[PDB]
Structure formats: structure tokens, C-alpha cells
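So that you can map any letter, position 53 of the sequence shown is 49 in the authors' numbering, and since no number is skipped, the others follow by simple counting.
Each residue gets a CB set at the ideal place from its N, CA and C atoms; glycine is no exception.
The structure under discussion appears below in the form of C-alpha cells.
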Amino acid sequence: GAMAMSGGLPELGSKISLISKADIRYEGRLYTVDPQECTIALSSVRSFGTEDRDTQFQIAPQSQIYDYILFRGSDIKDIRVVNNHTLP
């Protein structure tokens, strides 16, 4: 770690929010990433709901958390890291 701060390398364990092509919102901890495989894997992640594109029948929310979900860049269209800091 020659530099005190980094930008290209994402901090391990950071909480990231991820939007999949079904207009579904998933959130989980960054576990591992593969730049050349265009693929990523998140650990401890939960989904908030599908109600936007959902079916016209009622769907029950999922309370159970997923230990690990693998995701390809092709199926998910946008990812953003959340920044939590304080001000003077």
C-alpha cells in the first residue's frame, strides 16, 4: 500500500448497491471481483423487492439473506458504491 488512499481498487467489504435488468434492487458486501472475466461476486446480500416490474399476482418479501450470489455484468446494468463519512 504505497498510497494512503486508492480509487481504482475498490475497498474490500464495502457496501455496494446493484440494479439488475429486472429493475430489481440488490445490496450486499463486495467479496471478490474479476476484471478480465467481466464478473463479480457479492457476499451477504438481500433483495428489496420486484414490485416495479413484478407480476400482477401478490409476491411475498424474502426475509432470508443470501450468503453468496454470483453476478455477470451482462445481467446487471448499473452498480454504485455507497459513501458514509462525516463533516466538520
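As far as DSSP is concerned, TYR27 takes part in no beta bridge. Taking 8 Å as the cut-off, the Cβ atoms of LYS73 and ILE15 count as close. Here the C-alpha atom of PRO57 lies approximately 12 Å from the C-alpha atom of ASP50.
In the three-state scheme derived from DSSP, where H, G and I count as helix and E and B as strand, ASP50 is classed as coil.
Excluding the 5 residues flanking it on each side, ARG76 has same chain C-beta neighbours closer than 6 Å at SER13, in chain order.
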